[PDB]
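There is one chain below, alone, in structure tokens, taken in the form deposited without Metformin.
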């Protein structure tokens, strides 16, 4: 009954969220051959070795100075005091020549990742964004294509094929020898994943009536949350990415074995002013949600606890949104939730160096504020719009959010090379501008 739908909804989350755990770009530094023998001969410490050799740029600039440059010093020659060998050769180390990492890099982690496996750092750092770009392109292409298959064959036949293709693609990607095969498998997996999720949700909506639509939507949200919580536990005992990929892919194959028209909304001056605002708000919130998730995943100092806390705090938002239905209007919660997601960004920009106690609270507040705003849009959509919803919604809204999601990773990851806080200003501006447009929704000349 509901168990299969809950399992499918839970298993959909890892496909979209596993970028945080699969590639986590641990700390790295340049490798110089011949230093191991000298270090082991007059051994002093295994953690302070880089303080005397590896270049460092504490104040700033460490991206391309301490992680992509090495000292071209003949360490083989036995002329050193094993305390300050560079000082003995010359009192000024600033004028020493530099160079590229001709051999490779050594990383600091007990597990492994894609970045560690393929040495995907330094001048190749832009290559990690392709991982999400290909998935989002597959999401865009699948939405316009899976509709044809359902009409060609049927709703029942397509689900088994999509599930089988997804299950095979997961294992094949787990057994990928080079980078290009990984990208192809990611594209195929994203396409089929969106297709089967769409088909399953449409079938579920067909089976369930509109009397308990709110209840089933809340159940789906909680199923997504609980599926996302259990992913943190699996990654704790399986540090290697191949094992984690196999464990995530296995259970899917395990349980496997005078009419309302779209042209009427753009001729009446009253209805034409509402749909545009609805699309604008949906696109804005869809962009900010993924932006903040990726930003938190790319700079967290404690990944597991922060992920768990955010997932837990995401739950009461749905309850609050359901409670506040019959007491007040619909623009006050929207405006308050949209304003709560900007001031959090402004504060996060200006947080002085402190502990992590404030950061978790502020991130949870922002996540709850974003979560509240999305539910209200869905409730209003269901309340005010005619019988034809499903197809036009899941097509137009998906194609609108996918084009933003294709470009979001490039902006998020490539705007931190000049300043670390630039995407935060963009998020703040988007949040503050999204709150000032909802005030035009009320109709004028309305007297009780």
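Under this definition, the rigid core comprises the largest set of C-alpha atoms superposing within 1.5 Å between the forms. Positions refer to the first chain, counted from 1.
Beyond what is shown, the protein has a form deposited with Metformin bound; the following relates to that form.
Heavy atom within 4.5 Å of Metformin in the deposited bound form - residue from 118, 71, 105, 289: Checked against the cut-off, the match is 289.
Listed residue that, although Metformin is not shown, lies within 4.5 Å of it in the deposited bound form (heavy atoms), from 22, 426, 16, 10: Here the answer is residue option 16.
Residue contact check: residue 232 to Metformin in the deposited bound form, 4.5 Å heavy atom: Outside the cut-off, so no.
Distance check, residue 309 to Metformin in the deposited bound form, heavy atom within 4.5 Å: Outside the cut-off, so no.
Metformin contact in the deposited bound form: residue 159, any heavy atom under 4.5 Å: No, residue 159 stays farther than 4.5 Å from Metformin in the deposited bound form.
4.5 Å heavy atom contact, residue 221 to Metformin in the deposited bound form: Close contact exists here: in the deposited bound form, residue 221 approaches Metformin to within 4.5 Å, heavy atoms only.
Heavy atom contact within 4.5 Å of Metformin in the deposited bound form, the stretch among 244 to 252, 221 to 229, 147 to 155, 301 to 309: So the stretch in question is 221 to 229.
Stretch 378 to 409 - residues with a heavy atom within 4.5 Å of Metformin in the deposited bound form: Result: 401 alone.
Residue showing a 2 Å-or-more C-alpha displacement between this form and the one not shown once the rigid core is overlaid, selected from 264, 117, 108, 103: Everything else stays below 2 Å; the exception is 264.
Rigid-core frame, C-alpha of residue 49, shift of 2 angstroms or more between this form and the one not shown: Superposed on the core, residue 49 moves its C-alpha less than 2 Å between this form and the one not shown.
CA of residue 372, rigid core aligned, shift of 2 Å or more between this form and the one not shown: Passes the 2 Å threshold, so yes.
Residue 243 C-alpha relocation of at least 2 Å between this form and the one not shown, rigid core basis: Shift at residue 243: below 2 Å after core fit.
In the deposited bound form, shift in Cα separation for residue 395 relative to residue 379, 3 Å or more: Their C-alpha distance shrinks by at least 3 Å in the deposited bound form.
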